[PDB]
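Chemist:
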Amino acid sequence: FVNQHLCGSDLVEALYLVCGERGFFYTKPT
Amino acid sequence: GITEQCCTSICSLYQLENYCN
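Chains as they are written, first to last, in the working numbering: chain L, 204 to 233; chain Z, 142 to 162.
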């Protein structure tokens with residue numbers, strides 16, 4: 204973990220390991 | 142607004158974790 208790029212599919216990937224089977228937000232900005 | 146900030150630069154799992162339920 205020394206550089207993580209989040210965006211779309213990858214956005215849930217990073218939020219995935221943190222959230223896990225608890226569900227994340229991944230809400231749109233505009 | 143995580144897509145309009147975590148997709149323009151790099152974030153940190155530390156914070157990335159505050160976006161859970």
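The C-beta atom is built at its ideal place from N, Cα and C for all residues, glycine as well.
Bridge partners for Z/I151 per DSSP, in chain order?
Modeler: Within the second sequence, the letter at position 10 stands for residue 151 of chain Z. Its beta-bridge partners are L/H208.
Chemist: Which residues does DSSP list as the beta-bridge partners of L/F227?
Modeler: Here residue 227 of chain L corresponds to residue number 24 of the first sequence, with the count starting at 1. Per DSSP, Z/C161.
Chemist: For Z/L154, which option in L/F204, L/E224, L/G223, L/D213 has the closest C-alpha, if you only look at C-alpha atoms?
Modeler: Mapped onto the second sequence, residue 154 of chain Z falls at position 13. Answer by Cα proximity: L/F204.
Chemist: Let me check understanding here. Comparing Cα to Cα, which of L/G211, L/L220, L/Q207, L/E216 lies closest to Z/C152?
Modeler: Position 11 of the second sequence, counted from the start, is the residue given in the question as residue 152 of chain Z. Residue L/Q207 is the option with its Cα nearest to Z/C152.
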